[PDB]
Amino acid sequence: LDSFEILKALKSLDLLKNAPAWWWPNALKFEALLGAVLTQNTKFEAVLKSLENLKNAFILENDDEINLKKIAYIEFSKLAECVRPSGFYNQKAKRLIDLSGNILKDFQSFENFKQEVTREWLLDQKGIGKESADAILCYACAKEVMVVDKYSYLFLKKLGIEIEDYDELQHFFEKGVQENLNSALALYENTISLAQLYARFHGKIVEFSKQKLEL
């Protein structure tokens, strides 16, 4: 039992039949970063509502560099109101404003941020935990990082492997793929990157978990 065996078994279920290519809607865009922060301690359906609020208020429009600056400089109390649906909205608004201001300060642009950001930089941003930091790296920045979470902990535990520490659980999931890299990629025909693979693999675990299925 390794993560490559799990990948194959998950892949055979076609859990992503209706999902976009990177699973996370609007992957590789500022919106994915916003979602990665907002989804902490809540359900993604609520995240989608907060995003729609930001879009309906024209805070988030089609230019990501403009959107980054909009969040860096938005009045705190206005952002807090818009992100109410995803909960912890005062904390999350501050987290997003400080994060966006710090991205501009250290990376000048969202484009450069995607290239230069590290996990440690993200972890030094107050309120950003490993899961959110990792989701930004993989789903906003196309980095070769697999997000793990409570779902993945419980999913694996059920299969007979218990890994409580976030980083060790992530390493279990990443390593099975690394160790069988050609075979993993060949499940798709060399049409996708490893980052995209982890993007989808974490997606499969989430969908499998949400669906209450049996491997």
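One-based numbering along the sequence shown.
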Exercise. Taking the recorded C-alpha temperature factors, which stretch has the higher mean, 59-67 or 168-176?
Worked result: 59-67
Seminar exercise, completed: Between 184-192 and 35-43, the record assigns the higher mean Cα B factor to 184-192
Seminar exercise, completed: The residue of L159, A27, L51, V148 with the maximal C-alpha B-factor according to the PDB record is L159
Problem set entry | CA B-factor placement of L15, once the chain's modelled residues are sorted into thirds | highest
Problem set entry | Third assignment of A9 from its chain's C-alpha B-factors | highest
